[PDB]
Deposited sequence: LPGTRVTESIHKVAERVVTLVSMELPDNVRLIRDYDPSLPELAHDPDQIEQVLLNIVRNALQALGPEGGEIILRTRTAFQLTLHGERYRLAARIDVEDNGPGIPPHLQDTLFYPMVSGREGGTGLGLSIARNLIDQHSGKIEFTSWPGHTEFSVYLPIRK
């Protein structure tokens, strides 16, 4: 409904997560300042990111680690079979020795925004990538 910077929601998430962050877990930012403002429901995107970050905290477990909240402009990104000239990619990547309804809710809220969520992993890392359309 509103067209604003996705970083406002990202920062609301950083503030909220501070209350549940273990002493041995650090949350770092890796924002792309060139990312354009986009239409989205801030309340819904906040819930999407909170649930993904909590899943990340669950993955890290007692061993703790690092969670990176990253934003990047995505060019020529495909969403539901159509290629978009511009989309926003928001990643929640965790690093840790020790490596759900919330996730289902996040998926549904992203579908409402006509976006997608992808999961990947590599040695010592796991990452959820959320995509939101900006310009088709």
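Visitor: Relative to the deposited sequence numbered from 1, which residue ranges are unmodelled?
Guide: Those parts of the chain that were deposited but carry no coordinates are 1-4, 104-123.
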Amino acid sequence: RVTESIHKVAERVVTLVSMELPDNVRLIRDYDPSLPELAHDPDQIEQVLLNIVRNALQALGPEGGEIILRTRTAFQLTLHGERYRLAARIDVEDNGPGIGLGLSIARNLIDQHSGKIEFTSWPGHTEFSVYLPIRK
From here on, numbers count along this sequence of modelled residues.
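Visitor: Regarding 106-114 and 59-67, which shows the higher C-alpha temperature factor on average in the entry?
Guide: If you average the C-alpha B-factors of 106-114 and of 59-67, the larger mean comes out for 59-67.
Visitor: Check the entry's C-alpha temperature factors for 86-94 and 22-30, then say which stretch has the higher mean.
Guide: The stretch with the larger mean CA B-factor is 22-30.
Visitor: Looking at 45, 79, 99, 52, which has the biggest Cα B factor in the entry?
Guide: The listed residue with the largest C-alpha B-factor is 99.
Visitor: Identify, among 130, 2, 6, 134, the residue whose C-alpha carries the highest B-factor in the deposited PDB entry.
Guide: Most elevated C-alpha B-factor of the set, per the entry: 2.
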